[PDB]
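Since the structure comes first, as structure tokens, the remarks are kept for the end.
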Amino acid sequence: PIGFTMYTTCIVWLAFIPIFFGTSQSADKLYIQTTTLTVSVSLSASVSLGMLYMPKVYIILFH
Amino acid sequence: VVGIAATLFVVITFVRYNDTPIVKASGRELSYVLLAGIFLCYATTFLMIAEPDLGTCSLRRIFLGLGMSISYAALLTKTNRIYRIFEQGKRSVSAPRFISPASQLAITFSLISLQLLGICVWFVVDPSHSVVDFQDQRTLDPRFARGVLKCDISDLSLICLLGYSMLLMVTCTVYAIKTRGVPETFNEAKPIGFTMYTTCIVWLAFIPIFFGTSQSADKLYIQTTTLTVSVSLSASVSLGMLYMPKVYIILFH
Amino acid sequence: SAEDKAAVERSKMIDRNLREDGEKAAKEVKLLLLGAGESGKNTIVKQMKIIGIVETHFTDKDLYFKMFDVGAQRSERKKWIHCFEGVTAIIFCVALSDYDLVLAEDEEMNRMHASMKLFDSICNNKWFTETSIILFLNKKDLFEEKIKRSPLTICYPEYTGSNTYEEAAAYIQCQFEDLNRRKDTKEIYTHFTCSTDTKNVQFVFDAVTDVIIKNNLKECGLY
Amino acid sequence: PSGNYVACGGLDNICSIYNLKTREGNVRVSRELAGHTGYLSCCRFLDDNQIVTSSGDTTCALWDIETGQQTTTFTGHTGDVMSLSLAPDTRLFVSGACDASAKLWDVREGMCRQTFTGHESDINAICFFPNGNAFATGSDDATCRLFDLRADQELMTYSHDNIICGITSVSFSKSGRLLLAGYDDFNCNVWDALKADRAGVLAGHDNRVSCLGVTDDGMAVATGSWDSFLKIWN
């Protein structure tokens with residue numbers, strides 16, 4: 001599970017380069033930039049538990 | 001063209017190497033229709049790179065919608081059958097309920113007919129006329145001397161793709177959390193879930209740059225090509241995560 | 001007429017009842033038990049009962065089903081298997097006390113040769129091939145006792161193996177697939193069924209969940 | 001024959017007798033037939049009181065519902081019998097076991113009167129002539145023959161070169177002019193009386209045919225296969 005969630009985080013951060021390289025010459029640059037940074041850090045903090053604590057919750061729900 | 005080469009190679013390997021049980025574990029017609037959907041998602045850009053040609057706009061929108069819907073429906077019915085077979089064997093002896101390959105093709109065609117009805121309702125409410133010249137975003141003050149040649153079917157296609165992707169990535173992930181109750185060799189739960197998460201994160205990272213490009217001036221050419229790139233890379237990663245065990249066992253033999 | 005009109009409703013009701021009965025019988029796995037002469041025919045059914053064919057029933061983890069014991073029947077196999085065409089699981093209870101007894105007066109060989117001949121005839125059959133035959137090993141304690149007192153290679157000159165409990169219990173499995181010709185559509189399951197504890201039933205009951213899916217996938221056609 | 005009683009077979013030696021016309025009830029049981037060691041194959045109703053059963057231990061004895069016990073016992077076949085056949089005059093019945101031979105049995109005295117042999121393999125079902133002069137018999141040797149009671153021998157033989165399978169059931173016509181025999185090729189063949197020609201060819205069966213029934217009038221013939229398809233041919 002650690003390797004799986006790390007691979008997902010690596011794919012997420014690899015998808016963060018084109019979104020910042022393509023956006024250019026726009027008056028709405030900083031707004032969408034901070035928005036995508038905030039949602040990126042939020043999803044990175046969320047998948048650290050959604051892909052590691054799901055089996056924890058499952059084995060808790062067993063007994 | 002790399003995706004076309006890869007899909008041709010995997011189709012040749014499927015039609016030539018089919019006696020092994022690993023390729024027979026997955027649905028033959030199912031894998032064929034999934035490869036057809038990926039090939040359609042690839043040829044979307046091939047048939048879109050030409051002039052707008054509003055009839056071609058309708059053709060391209062219908063083609064991309066059908067490809068996306070047929071790929072998602074193939075994956076959904078695959079995971080649903082894998083999840084349902086366990087309950088059918090635990091609670092019944094032989095309960096064929098739309099399990100036969102003919103019934104799978106029938107339900108896939110039913111989903112495609114639903115998608116066609118949806119896009120037909122969309123065409124009925126929106127005629128989608130030929131809009132090639134866009135003077136609202138082109139500024140004549142600095143003497144740009146350039147003309148846009150992008151079609152005007154971007155917003156509706158974008159919102160419909162977003163909605164369908166959300167619904168399918170919800171239902172398929174629920175089916176994938178459902179299926180991993182019994183272990184088997186044809187357990188497509190972790191790779192399918194990873195592909196669904198990758199597609200979801202690709203869409204979630206594509207929507208902000210798409211909105212920023214739509215808000216930018218003289219950026220009507222960038223949104224369409226970045227949407228094409230996003231769809232093509234999603235289809236490519238799906239084909240890769242689908243064919244990785246296939247090529248692995250082929251190399252192992 | 002009135003009678004001809006009510007006949008339609010009567011037919012609808014009786015067809016609904018027949019469909020309900022068929023749906024109720026379609027969720028009950030049919031087990032077909034057989035074996036040699038007095039090869040633990042009564043000691044196996046007296047296990048799950050607390051927790052001329054014979055009809056038995058026992059429900060485990062919300063799974064009710066019927067089971068048919070062949071009982072005592074002295075007839076041929078050409079006309080007896082026609083009634084049992086389509087059974088999903090055939091449980092053979094091989095005997096472990098037939099290789100030591102002397103040759104019978106009527107049989108050309110001992111009881112173990114008759115047992116393997118019956119197994120070959122019930123396995124290498126052209127009528128049922130998609131079905132499956134499971135093997136139950138009963139009376140293991142007395143078998144180990146008699147194999148530690150008397151050797152086993154004295155009657156089987158084909159191999160030169162040792163005389164232990166694990167090797168003897170492991171060699172009897174591979175000697176059953178050599179007689180089968182069709183292996184791509186036939187399989188044989190073998191499990192250990194102790195006679196001292198009752199908690200072994202759930203050790204093989206889930207094994208049924210392994211084979212049933214097979215014939216369920218028989219409806220898929222992807223194999 | 002009167003449509004009052006009905007009885008089914010079974011491998012557990014339980015020949016439960018049932019009736020149709022019952023007061024305050026659809027179908028009920030009154031007497032229980034038991035005492036057989038071999039599996040029951042077929043059952044025929046001689047009359048409304050005396051019935052005959054075919055067991056798998058060479059006991060094709062006659063039974064009664066009132067006394068619940070057998071009256072006479074028929075024995076003399078080296079193998080078990082799996083088929084029966086009654087006569088229209090209700091005086092005797094022919095029985096043939098897997099010994100490739102058929103024997104006639106009387107209801108009064110209860111013993112074999114004549115033995116007929118000539119089949120290369122075991123038989124499956126036997127049928128009697130409506131007049132009562134002979135009787136046909138089908139076997140797995142892809143051959144058919146009708147043994148005569150007076151001549152003590154068969155008249156003609158129905159050979160087959162392109163047929164490798166056998167016959168699972170045989171029947172006559174209304175008067176015995178046309179022959180019907182179901183084969184293992186998921187069909188049936190209609191044979192002549194003396195010409196031995198396949199006049200009628202059957203088809204349409206998805207599974208193997210088990211037994212066919214011909215009415216007394218000889219108008220239509222119903223066939224029964226394993227695919228749960230009771231098709232009537234006319």
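In the structure tokens, the first chain shown is A, the next is B, and so on; residue numbers restart at 1 for each chain, and ligands run from 1 in the order shown.
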Set out as JSON lines a contact list for chain B and chain A with a cut-off of 12 Å, giving each residue of chain B that qualifies its closest atom pair and distance in Å to one decimal, counting only C-alpha atoms, ordered by chain and rising residue number.
```
{"residue": "B:177", "atom": "CA", "partner": "A:54", "partner_atom": "CA", "distance": 10.3}
{"residue": "B:180", "atom": "CA", "partner": "A:55", "partner_atom": "CA", "distance": 11.8}
{"residue": "B:181", "atom": "CA", "partner": "A:58", "partner_atom": "CA", "distance": 11.7}
{"residue": "B:190", "atom": "CA", "partner": "A:4", "partner_atom": "CA", "distance": 9.3}
{"residue": "B:191", "atom": "CA", "partner": "A:4", "partner_atom": "CA", "distance": 10.1}
{"residue": "B:193", "atom": "CA", "partner": "A:51", "partner_atom": "CA", "distance": 10.7}
{"residue": "B:194", "atom": "CA", "partner": "A:8", "partner_atom": "CA", "distance": 7.8}
{"residue": "B:195", "atom": "CA", "partner": "A:8", "partner_atom": "CA", "distance": 10.0}
{"residue": "B:196", "atom": "CA", "partner": "A:8", "partner_atom": "CA", "distance": 11.3}
{"residue": "B:197", "atom": "CA", "partner": "A:8", "partner_atom": "CA", "distance": 8.2}
{"residue": "B:198", "atom": "CA", "partner": "A:11", "partner_atom": "CA", "distance": 7.6}
{"residue": "B:199", "atom": "CA", "partner": "A:12", "partner_atom": "CA", "distance": 10.8}
{"residue": "B:200", "atom": "CA", "partner": "A:12", "partner_atom": "CA", "distance": 10.6}
{"residue": "B:201", "atom": "CA", "partner": "A:12", "partner_atom": "CA", "distance": 7.0}
{"residue": "B:202", "atom": "CA", "partner": "A:15", "partner_atom": "CA", "distance": 7.2}
{"residue": "B:203", "atom": "CA", "partner": "A:15", "partner_atom": "CA", "distance": 10.4}
{"residue": "B:204", "atom": "CA", "partner": "A:39", "partner_atom": "CA", "distance": 9.2}
{"residue": "B:205", "atom": "CA", "partner": "A:19", "partner_atom": "CA", "distance": 7.0}
{"residue": "B:206", "atom": "CA", "partner": "A:19", "partner_atom": "CA", "distance": 7.3}
{"residue": "B:207", "atom": "CA", "partner": "A:19", "partner_atom": "CA", "distance": 9.7}
{"residue": "B:208", "atom": "CA", "partner": "A:32", "partner_atom": "CA", "distance": 6.5}
{"residue": "B:209", "atom": "CA", "partner": "A:19", "partner_atom": "CA", "distance": 5.8}
{"residue": "B:210", "atom": "CA", "partner": "A:23", "partner_atom": "CA", "distance": 9.0}
{"residue": "B:211", "atom": "CA", "partner": "A:32", "partner_atom": "CA", "distance": 8.6}
{"residue": "B:212", "atom": "CA", "partner": "A:28", "partner_atom": "CA", "distance": 6.6}
{"residue": "B:213", "atom": "CA", "partner": "A:23", "partner_atom": "CA", "distance": 6.9}
{"residue": "B:214", "atom": "CA", "partner": "A:26", "partner_atom": "CA", "distance": 9.5}
{"residue": "B:215", "atom": "CA", "partner": "A:28", "partner_atom": "CA", "distance": 7.2}
{"residue": "B:216", "atom": "CA", "partner": "A:26", "partner_atom": "CA", "distance": 4.8}
{"residue": "B:217", "atom": "CA", "partner": "A:26", "partner_atom": "CA", "distance": 7.2}
{"residue": "B:218", "atom": "CA", "partner": "A:25", "partner_atom": "CA", "distance": 9.6}
{"residue": "B:219", "atom": "CA", "partner": "A:25", "partner_atom": "CA", "distance": 9.2}
{"residue": "B:222", "atom": "CA", "partner": "A:22", "partner_atom": "CA", "distance": 8.5}
{"residue": "B:223", "atom": "CA", "partner": "A:22", "partner_atom": "CA", "distance": 9.9}
{"residue": "B:225", "atom": "CA", "partner": "A:22", "partner_atom": "CA", "distance": 11.1}
{"residue": "B:226", "atom": "CA", "partner": "A:22", "partner_atom": "CA", "distance": 8.7}
{"residue": "B:227", "atom": "CA", "partner": "A:19", "partner_atom": "CA", "distance": 12.0}
{"residue": "B:229", "atom": "CA", "partner": "A:18", "partner_atom": "CA", "distance": 10.8}
{"residue": "B:230", "atom": "CA", "partner": "A:15", "partner_atom": "CA", "distance": 10.3}
{"residue": "B:233", "atom": "CA", "partner": "A:15", "partner_atom": "CA", "distance": 11.0}
{"residue": "B:234", "atom": "CA", "partner": "A:15", "partner_atom": "CA", "distance": 11.8}
{"residue": "B:237", "atom": "CA", "partner": "A:11", "partner_atom": "CA", "distance": 11.1}
```
Mind writing the picked residues with N, CA and C atoms as a CSV table (one decimal), in the first residue's frame?
```
chain,number,residue,atom,x,y,z
B,177,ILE,N,-14.6,-1.6,-5.1
B,177,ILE,CA,-14.5,-1.9,-3.7
B,177,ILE,C,-15.4,-3.1,-3.3
B,180,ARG,N,-13.5,-7.2,-4.4
B,180,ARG,CA,-12.3,-7.8,-3.8
B,180,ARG,C,-12.7,-8.6,-2.5
B,181,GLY,N,-13.8,-9.4,-2.6
B,181,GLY,CA,-14.2,-10.2,-1.5
B,181,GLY,C,-13.6,-11.6,-1.6
B,190,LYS,N,-7.3,-3.8,-8.1
B,190,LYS,CA,-6.3,-2.7,-7.8
B,190,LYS,C,-5.9,-2.0,-9.1
B,191,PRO,N,-5.6,-2.7,-10.2
B,191,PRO,CA,-5.2,-1.9,-11.4
B,191,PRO,C,-6.4,-1.1,-11.9
B,193,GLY,N,-8.9,0.2,-10.1
B,193,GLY,CA,-9.0,1.3,-9.2
B,193,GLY,C,-7.9,2.4,-9.4
B,194,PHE,N,-6.7,1.9,-9.7
B,194,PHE,CA,-5.6,2.9,-10.0
B,194,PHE,C,-5.9,3.6,-11.3
B,195,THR,N,-6.4,2.9,-12.3
B,195,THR,CA,-6.8,3.6,-13.6
B,195,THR,C,-7.9,4.6,-13.4
B,196,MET,N,-8.9,4.2,-12.5
B,196,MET,CA,-10.0,5.2,-12.3
B,196,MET,C,-9.5,6.4,-11.5
B,197,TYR,N,-8.6,6.2,-10.5
B,197,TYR,CA,-8.1,7.3,-9.8
B,197,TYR,C,-7.2,8.2,-10.7
B,198,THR,N,-6.5,7.6,-11.6
B,198,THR,CA,-5.6,8.4,-12.5
B,198,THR,C,-6.5,9.2,-13.4
B,199,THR,N,-7.6,8.6,-14.0
B,199,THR,CA,-8.5,9.4,-14.8
B,199,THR,C,-9.2,10.5,-14.1
B,200,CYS,N,-9.6,10.2,-12.8
B,200,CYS,CA,-10.2,11.3,-12.0
B,200,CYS,C,-9.3,12.4,-11.7
B,201,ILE,N,-8.0,12.1,-11.4
B,201,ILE,CA,-7.1,13.2,-11.1
B,201,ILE,C,-6.7,13.9,-12.4
B,202,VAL,N,-6.7,13.2,-13.5
B,202,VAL,CA,-6.4,13.9,-14.8
B,202,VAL,C,-7.5,14.9,-15.1
B,203,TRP,N,-8.8,14.5,-14.9
B,203,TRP,CA,-9.9,15.5,-15.1
B,203,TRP,C,-9.8,16.6,-14.1
B,204,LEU,N,-9.5,16.3,-12.8
B,204,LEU,CA,-9.5,17.3,-11.8
B,204,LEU,C,-8.3,18.3,-12.0
B,205,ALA,N,-7.2,17.9,-12.7
B,205,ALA,CA,-6.2,18.8,-13.0
B,205,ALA,C,-6.4,19.4,-14.4
B,206,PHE,N,-7.3,18.9,-15.2
B,206,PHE,CA,-7.5,19.5,-16.5
B,206,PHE,C,-8.6,20.6,-16.5
B,207,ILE,N,-9.5,20.5,-15.5
B,207,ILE,CA,-10.6,21.5,-15.4
B,207,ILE,C,-10.0,22.9,-15.1
B,208,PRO,N,-9.0,23.0,-14.2
B,208,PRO,CA,-8.6,24.4,-13.9
B,208,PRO,C,-7.8,25.0,-15.0
B,209,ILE,N,-6.9,24.3,-15.7
B,209,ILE,CA,-6.2,24.9,-16.8
B,209,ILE,C,-7.2,25.1,-18.0
B,210,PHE,N,-8.2,24.3,-18.1
B,210,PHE,CA,-9.2,24.5,-19.2
B,210,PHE,C,-10.0,25.8,-18.9
B,211,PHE,N,-10.4,26.0,-17.6
B,211,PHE,CA,-11.1,27.2,-17.3
B,211,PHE,C,-10.2,28.4,-17.5
B,212,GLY,N,-8.9,28.3,-17.1
B,212,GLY,CA,-8.0,29.4,-17.3
B,212,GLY,C,-7.7,29.8,-18.7
B,213,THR,N,-7.7,28.7,-19.6
B,213,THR,CA,-7.5,29.0,-21.0
B,213,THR,C,-8.8,29.6,-21.6
B,214,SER,N,-9.9,29.1,-21.2
B,214,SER,CA,-11.2,29.7,-21.7
B,214,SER,C,-11.3,31.2,-21.2
B,215,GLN,N,-10.8,31.5,-20.0
B,215,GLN,CA,-10.8,32.9,-19.6
B,215,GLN,C,-9.8,33.8,-20.2
B,216,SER,N,-8.7,33.2,-20.8
B,216,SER,CA,-7.6,33.9,-21.4
B,216,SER,C,-8.1,34.4,-22.8
B,217,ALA,N,-7.4,35.5,-23.3
B,217,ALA,CA,-7.7,36.0,-24.6
B,217,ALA,C,-6.9,35.4,-25.7
B,218,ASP,N,-7.5,35.2,-26.8
B,218,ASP,CA,-6.9,34.6,-28.0
B,218,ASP,C,-6.3,33.2,-27.6
B,219,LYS,N,-7.0,32.4,-26.8
B,219,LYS,CA,-6.6,31.1,-26.4
B,219,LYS,C,-7.6,30.0,-26.8
B,222,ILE,N,-5.9,26.6,-27.6
B,222,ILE,CA,-5.1,25.8,-26.6
B,222,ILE,C,-6.1,24.9,-25.8
B,223,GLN,N,-7.3,25.3,-25.6
B,223,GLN,CA,-8.2,24.5,-24.8
B,223,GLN,C,-8.6,23.2,-25.6
B,225,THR,N,-6.8,21.6,-27.9
B,225,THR,CA,-5.6,20.7,-28.0
B,225,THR,C,-5.3,20.1,-26.6
B,226,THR,N,-5.4,20.9,-25.5
B,226,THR,CA,-5.2,20.3,-24.2
B,226,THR,C,-6.2,19.3,-23.8
B,227,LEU,N,-7.5,19.5,-24.2
B,227,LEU,CA,-8.5,18.5,-24.0
B,227,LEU,C,-8.2,17.2,-24.8
B,229,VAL,N,-5.2,16.2,-25.7
B,229,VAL,CA,-4.1,15.6,-25.0
B,229,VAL,C,-4.5,14.8,-23.8
B,230,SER,N,-5.4,15.4,-23.0
B,230,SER,CA,-5.9,14.8,-21.8
B,230,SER,C,-6.6,13.5,-22.1
B,233,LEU,N,-4.1,10.8,-23.4
B,233,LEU,CA,-3.3,10.3,-22.3
B,233,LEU,C,-4.1,9.4,-21.4
B,234,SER,N,-5.4,9.7,-21.1
B,234,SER,CA,-6.2,8.9,-20.3
B,234,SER,C,-6.4,7.5,-21.0
B,237,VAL,N,-3.1,5.6,-20.8
B,237,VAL,CA,-2.8,4.9,-19.5
B,237,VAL,C,-3.8,3.8,-19.2
```
Exercise. Would you kindly report the residues of chain B within 10 Å of chain C, using only C-alpha atoms, as an NGL selection string?
Key: :B and (19-29 or 85-96 or 98-101)
Self-check item: Contact set, chain D to chain C: 9 Å, only C-alpha atoms, as a ChimeraX atom specification
Solution: /D:10-14,36-39,56-57,79-80,82
Can I get the selected residues back with N, CA and C atoms, as a CSV table (one decimal), in the first residue's frame?
```
chain,number,residue,atom,x,y,z
D,10,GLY,N,-38.8,-44.4,-9.5
D,10,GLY,CA,-37.9,-44.0,-8.5
D,10,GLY,C,-36.8,-44.9,-8.2
D,11,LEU,N,-35.6,-44.4,-7.9
D,11,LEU,CA,-34.4,-45.2,-7.6
D,11,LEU,C,-34.4,-45.7,-6.2
D,12,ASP,N,-35.2,-45.1,-5.3
D,12,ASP,CA,-35.2,-45.5,-3.9
D,12,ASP,C,-36.2,-46.5,-3.5
D,13,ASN,N,-36.7,-47.3,-4.6
D,13,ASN,CA,-37.7,-48.3,-4.4
D,13,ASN,C,-38.9,-47.9,-3.7
D,14,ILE,N,-39.4,-46.7,-4.0
D,14,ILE,CA,-40.6,-46.1,-3.5
D,14,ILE,C,-41.5,-45.9,-4.7
D,36,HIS,N,-38.8,-53.7,-2.6
D,36,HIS,CA,-37.9,-54.0,-3.8
D,36,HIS,C,-36.4,-53.7,-3.4
D,37,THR,N,-35.5,-54.5,-3.9
D,37,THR,CA,-34.1,-54.2,-3.7
D,37,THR,C,-33.4,-53.5,-4.9
D,38,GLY,N,-33.9,-53.8,-6.1
D,38,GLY,CA,-33.3,-53.1,-7.3
D,38,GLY,C,-34.1,-51.9,-7.7
D,39,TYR,N,-33.4,-51.0,-8.4
D,39,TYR,CA,-34.1,-49.7,-8.8
D,39,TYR,C,-35.2,-50.0,-9.8
D,56,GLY,N,-34.7,-53.4,-10.7
D,56,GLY,CA,-33.4,-53.6,-11.2
D,56,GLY,C,-32.7,-54.8,-10.6
D,57,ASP,N,-33.5,-55.7,-10.1
D,57,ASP,CA,-32.9,-57.0,-9.5
D,57,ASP,C,-33.6,-58.2,-10.1
D,79,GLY,N,-29.8,-61.2,-16.1
D,79,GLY,CA,-29.5,-59.8,-15.8
D,79,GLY,C,-30.8,-59.1,-15.4
D,80,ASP,N,-30.7,-57.8,-14.9
D,80,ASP,CA,-31.8,-57.1,-14.5
D,80,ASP,C,-32.6,-56.5,-15.7
D,82,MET,N,-35.2,-53.7,-17.6
D,82,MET,CA,-35.4,-52.3,-17.6
D,82,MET,C,-36.5,-51.8,-18.5
```
Practice problem: DSSP on the backbone, then: every residue of chain A marked alpha helix (DSSP H), written as a PyMOL selection string. | Solution: chain A and resi 2-14+16-22+29-50+54-62
Quick one: write out the picked residues with C-alpha atoms as a CSV table (one decimal), in the first residue's frame?
```csv
chain,number,residue,atom,x,y,z
A,2,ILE,CA,2.9,2.4,0.7
A,3,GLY,CA,4.3,1.8,-2.8
A,4,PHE,CA,0.8,2.2,-4.3
A,5,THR,CA,0.0,5.5,-2.7
A,6,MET,CA,3.5,6.8,-3.5
A,7,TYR,CA,3.0,5.9,-7.1
A,8,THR,CA,-0.3,7.8,-7.1
A,9,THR,CA,1.4,10.8,-5.4
A,10,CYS,CA,4.1,10.6,-8.1
A,11,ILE,CA,1.5,10.6,-10.9
A,12,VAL,CA,-0.3,13.5,-9.2
A,13,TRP,CA,2.9,15.6,-9.0
A,14,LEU,CA,3.8,14.6,-12.6
A,16,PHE,CA,1.2,19.3,-11.8
A,17,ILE,CA,3.9,20.4,-14.3
A,18,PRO,CA,1.7,20.7,-17.5
A,19,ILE,CA,-1.0,22.6,-15.7
A,20,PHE,CA,1.6,25.2,-14.6
A,21,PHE,CA,3.5,25.3,-17.9
A,22,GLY,CA,0.4,25.6,-20.2
A,29,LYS,CA,-3.4,33.4,-13.4
A,30,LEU,CA,-2.7,33.7,-9.7
A,31,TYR,CA,-6.3,32.8,-8.7
A,32,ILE,CA,-6.3,29.5,-10.6
A,33,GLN,CA,-2.7,28.9,-9.5
A,34,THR,CA,-3.4,29.1,-5.8
A,35,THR,CA,-6.6,27.2,-6.3
A,36,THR,CA,-4.9,24.3,-8.0
A,37,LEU,CA,-2.1,24.4,-5.4
A,38,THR,CA,-4.6,24.2,-2.6
A,39,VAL,CA,-6.6,21.4,-4.1
A,40,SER,CA,-3.4,19.6,-4.9
A,41,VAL,CA,-2.1,19.7,-1.4
A,42,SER,CA,-5.6,18.8,-0.1
A,43,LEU,CA,-5.8,15.8,-2.3
A,44,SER,CA,-2.3,14.7,-1.4
A,45,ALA,CA,-3.2,14.9,2.3
A,46,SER,CA,-6.4,13.0,1.6
A,47,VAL,CA,-5.0,10.1,-0.4
A,48,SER,CA,-2.4,9.5,2.3
A,49,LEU,CA,-5.3,8.1,4.4
A,50,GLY,CA,-7.9,7.1,1.7
A,54,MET,CA,-9.1,2.0,4.2
A,55,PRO,CA,-7.8,-1.5,5.1
A,56,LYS,CA,-7.4,-0.2,8.6
A,57,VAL,CA,-11.1,0.8,8.7
A,58,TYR,CA,-11.9,-2.6,7.1
A,59,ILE,CA,-10.0,-4.7,9.7
A,60,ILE,CA,-11.6,-2.6,12.3
A,61,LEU,CA,-15.1,-3.3,10.9
A,62,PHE,CA,-14.4,-7.0,10.9
```
Exercise. Name the residues in contact with residue 81 (chain C) at a cut-off of 10 Å, using only C-alpha atoms, excluding same-chain residues fewer than 5 positions from it; report them as a ChimeraX atom specification.
Key: /C:76,86-87,122,125,127-128
Quiz prompt | Spatial neighbours of region 53-58 of chain B, 9 Å, only C-alpha atoms, chain gap at least 2 places, as JSON, numbers by chain | solution = {"B": [47, 48, 50, 51, 60, 61, 62, 63, 123, 128, 129, 130, 131, 132, 151, 152, 153]}
Go ahead and save the picked residues with N, CA, C and O atoms, as an mmCIF file, in the first residue's frame.
```cif
data_model
loop_
_atom_site.group_PDB
_atom_site.id
_atom_site.type_symbol
_atom_site.label_atom_id
_atom_site.label_comp_id
_atom_site.auth_asym_id
_atom_site.auth_seq_id
_atom_site.Cartn_x
_atom_site.Cartn_y
_atom_site.Cartn_z
ATOM 1 N N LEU B 47 -9.379 12.643 -36.791
ATOM 2 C CA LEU B 47 -10.498 13.198 -37.538
ATOM 3 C C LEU B 47 -10.878 14.606 -37.093
ATOM 4 O O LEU B 47 -11.692 15.251 -37.762
ATOM 5 N N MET B 48 -10.313 15.096 -35.988
ATOM 6 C CA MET B 48 -10.570 16.456 -35.533
ATOM 7 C C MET B 48 -9.525 17.456 -36.011
ATOM 8 O O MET B 48 -9.824 18.654 -36.084
ATOM 9 N N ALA B 50 -8.646 18.303 -38.745
ATOM 10 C CA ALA B 50 -9.009 18.941 -40.001
ATOM 11 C C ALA B 50 -9.815 20.212 -39.731
ATOM 12 O O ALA B 50 -9.889 20.703 -38.601
ATOM 13 N N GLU B 51 -10.424 20.763 -40.785
ATOM 14 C CA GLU B 51 -11.229 21.969 -40.666
ATOM 15 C C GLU B 51 -12.445 21.713 -39.775
ATOM 16 O O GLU B 51 -12.835 20.563 -39.558
ATOM 17 N N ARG B 60 -17.340 14.384 -34.801
ATOM 18 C CA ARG B 60 -16.290 14.257 -33.796
ATOM 19 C C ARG B 60 -16.871 14.181 -32.392
ATOM 20 O O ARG B 60 -16.412 13.380 -31.570
ATOM 21 N N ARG B 61 -17.870 15.015 -32.093
ATOM 22 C CA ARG B 61 -18.492 14.969 -30.774
ATOM 23 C C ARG B 61 -19.142 13.614 -30.529
ATOM 24 O O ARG B 61 -18.947 12.999 -29.472
ATOM 25 N N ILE B 62 -19.911 13.123 -31.507
ATOM 26 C CA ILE B 62 -20.548 11.818 -31.364
ATOM 27 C C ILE B 62 -19.499 10.724 -31.217
ATOM 28 O O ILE B 62 -19.660 9.795 -30.417
ATOM 29 N N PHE B 63 -18.397 10.829 -31.963
ATOM 30 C CA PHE B 63 -17.368 9.797 -31.931
ATOM 31 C C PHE B 63 -16.680 9.745 -30.573
ATOM 32 O O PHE B 63 -16.516 8.665 -29.991
ATOM 33 N N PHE B 123 -28.510 17.679 -29.318
ATOM 34 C CA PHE B 123 -28.569 18.274 -30.649
ATOM 35 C C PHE B 123 -29.942 18.870 -30.935
ATOM 36 O O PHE B 123 -30.050 19.837 -31.700
ATOM 37 N N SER B 128 -26.163 23.463 -32.781
ATOM 38 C CA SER B 128 -24.712 23.410 -32.978
ATOM 39 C C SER B 128 -24.335 23.827 -34.401
ATOM 40 O O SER B 128 -23.798 23.048 -35.191
ATOM 41 N N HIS B 129 -24.633 25.086 -34.717
ATOM 42 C CA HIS B 129 -24.338 25.621 -36.036
ATOM 43 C C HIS B 129 -22.831 25.814 -36.214
ATOM 44 O O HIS B 129 -22.034 25.628 -35.289
ATOM 45 N N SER B 130 -22.447 26.197 -37.429
ATOM 46 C CA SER B 130 -21.043 26.404 -37.767
ATOM 47 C C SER B 130 -20.594 27.758 -37.234
ATOM 48 O O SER B 130 -21.041 28.804 -37.716
ATOM 49 N N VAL B 131 -19.715 27.742 -36.241
ATOM 50 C CA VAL B 131 -19.155 28.959 -35.655
ATOM 51 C C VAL B 131 -17.639 28.822 -35.737
ATOM 52 O O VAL B 131 -16.998 28.236 -34.859
ATOM 53 N N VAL B 132 -17.053 29.364 -36.801
ATOM 54 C CA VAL B 132 -15.617 29.309 -37.020
ATOM 55 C C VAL B 132 -14.953 30.651 -36.735
ATOM 56 O O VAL B 132 -13.859 30.697 -36.168
ATOM 57 N N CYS B 151 -13.834 24.812 -33.493
ATOM 58 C CA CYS B 151 -15.272 24.613 -33.504
ATOM 59 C C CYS B 151 -15.879 25.038 -32.167
ATOM 60 O O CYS B 151 -15.186 25.182 -31.155
ATOM 61 N N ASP B 152 -17.199 25.243 -32.175
ATOM 62 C CA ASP B 152 -17.925 25.778 -31.028
ATOM 63 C C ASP B 152 -18.725 24.713 -30.285
ATOM 64 O O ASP B 152 -19.838 24.985 -29.822
ATOM 65 N N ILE B 153 -18.185 23.502 -30.166
ATOM 66 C CA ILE B 153 -18.860 22.424 -29.450
ATOM 67 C C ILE B 153 -18.064 22.069 -28.201
ATOM 68 O O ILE B 153 -18.068 20.916 -27.757
#
```
Exercise. Name all residues at most 8 Å from residue 50 (chain D) (count only C-alpha atoms; drop same-chain ones fewer than 4 positions away) and give them as a PyMOL selection string.
Key: chain D and resi 45-46+62-65
Quiz item: Can you list, as a list in words, every protein, DNA or RNA residue that comes within 6 Å of residue 139 (chain D) when you count only C-alpha atoms, leaving out same-chain residues fewer than 2 positions away?
Solution: residues 122, 123, 141 and 167 of chain D
Exercise. For CA of residue 251 (chain B) and CA of residue 74 (chain B), quote the distance in Å rounded to one decimal.
Key: 26.1 Å
Exercise. Compile the contact shell of residue 7 (chain D) as a PyMOL selection string: residues with an atom at most 9 Å away, counting only C-alpha atoms, same-chain residues fewer than 2 positions apart removed.
Key: chain D and resi 5+9+15-19+43-45
